[PDB]
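Engineer: Right, I'll just put the structure down here and ask away after.
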Amino acid sequence: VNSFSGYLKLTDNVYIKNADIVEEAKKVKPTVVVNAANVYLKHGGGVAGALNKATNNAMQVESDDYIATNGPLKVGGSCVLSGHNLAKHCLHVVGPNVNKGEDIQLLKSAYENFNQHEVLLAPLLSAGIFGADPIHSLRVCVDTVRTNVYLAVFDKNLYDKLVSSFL
Ligand SMILES: O=C(O)[C@]1(F)CN(c2ncnc3[nH]c4cc(Br)ccc4c23)CC12CCC2
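Under full-length UniProt numbering, the letters of the sequence shown match residues 1025 to 1191, in that order.
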């Protein structure tokens, strides 16, 4: 038993809710919140901009030190940093950005990072301003992640479409 509330169960291990991931993280304080990161950990907009704003820019400060030490992530890769006031840990995961021409096959590699964590709160990777089809992202999630994932979908219209079209 965990504290996630109001989710629709899609499969044995995947759950979904129409929710603001920032508000959900602040209420649940999960062990892991996933950020929709880019390789530079520049958290300007989308989910990343919202999560970073909620940390009063502490996420960005920590991220800039990470990059200065380690260099950029790979598309499809991840790193574990602090969750600040939102979670114990933040798993920064880089999905391919279609608006940069990145290979959508890398979306499966991106979701594989979730399997290193028993339970996660997450957005749909490569959705929103990353330009991929969220229905496809949900399909890859379900077919790749084996650990327990709680997906927060900000847009109610999109949430209803994801549920109603789910196979
Ligand atoms: O960035 C995009 O375009 C997204 F559509 C939006 N994301 C979110 N997901 C879940 N809760 C979210 N709360 C927010 C608050 C603000 Br302000 C901005 C974005 C979000 C957000 C998912 C997405 C990132 C990968 C696809």
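Each residue gets a CB set at the ideal place from its N, CA and C atoms; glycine is no exception.
Going along the chain, which residues put their C-beta within less than 6 Å of some heavy atom in ligand 1?
Structural biologist: In chain order, the qualifying residues are 1044, 1045, 1046, 1060, 1070, 1071, 1074, 1147, 1148, 1151, 1152, 1153, 1154, 1176, 1178.
Engineer: Could you round the C-beta distance between residue 1118 and residue 1063 to whole angstroms and report it? I think they count as a contact, below 8 Å.
Structural biologist: To locate residue 1118, count along the sequence shown from 1; it is residue 94. To locate residue 1063, count along the sequence shown from 1; it is residue 39. Indeed they touch by this definition, with Cβ atoms about 6 Å apart.
Engineer: For residue 1046, does the count of other Cβ atoms within 10 angstroms reach 16, so buried, or fall short, so exposed?
Structural biologist: In the sequence shown, the residue the question calls residue 1046 occupies position 22. Buried, because 16 or more other Cβ atoms sit within 10 Å of the Cβ of residue 1046.
Engineer: Along the chain, where does the beta strand (DSSP E) that runs through residue 1041 open and close?
Structural biologist: Residue numbering aside, residue 1041 sits at position 17 when the sequence shown is read from its first letter. From DSSP, the beta strand (DSSP E) with residue 1041 extends over 1038–1042.
Engineer: Can you round the beta-carbon distance between residue 1173 and residue 1146 to whole angstroms, since I take them to be within the 8 Å contact cut?
Structural biologist: Here residue 1173 is taken as the residue at index 149 of the sequence shown, counted from 1. Here residue 1146 is taken as the residue at index 122 of the sequence shown, counted from 1. Correct: roughly 6 Å between the Cβ atoms.
Engineer: For residue 1114 and residue 1059, what's the separation of their Cα atoms in angstroms?
Structural biologist: Here residue 1114 is taken as the residue at index 90 of the sequence shown, counted from 1. Here residue 1059 is taken as the residue at index 35 of the sequence shown, counted from 1. For residue 1114 and residue 1059, the distance between alpha carbons rounds to 7 Å.
Engineer: How is the beta strand (DSSP E) around residue 982 delimited, first residue to last?
Structural biologist: Residue 982 falls outside the range modelled here, since the chain spans only 1025 to 1191, and no answer is possible.
Engineer: Quick one: complete beta strand (DSSP E) runs, 3+ long, within the segment 1111–1154?
Structural biologist: 1113–1118, 1143–1146, all fully within the segment 1111–1154.
Engineer: Note down, in chain order, each residue of its chain lying with its Cβ closer than 6 Å to the Cβ of residue 1151, except the 5 sequence neighbours on either side.
Structural biologist: Within the sequence shown, residue 1151 is the residue found at index 127, counting from 1. The residues are 1158, 1161.
Engineer: Under the DSSP definition of a beta bridge, which residues are partnered with residue 1174?
Structural biologist: As a working note, residue 1174 is residue 150 in the sequence shown. 1039, 1145.
Engineer: Should residue 1194 be labelled buried (16 or more other beta-carbon atoms within 10 Å of its own) or exposed?
Structural biologist: No information on residue 1194 is available, as it lies outside the stretch 1025 to 1191 that the chain covers here.
Engineer: Could you pull out every unbroken beta strand (DSSP E) segment of at least 3 residues lying fully inside the segment 1045–1103, listed in chain order?
Structural biologist: Counting whole runs of 3 or more residues, the segment 1045–1103 contains the beta strand (DSSP E) stretches 1056–1061.
Engineer: Tell me whether the segment 1047–1058 and the segment 1135–1144 touch, counting them as touching only if at least three CB pairs, one residue from each stretch, are closer than 8 Å.
Structural biologist: Segments in contact, yes.
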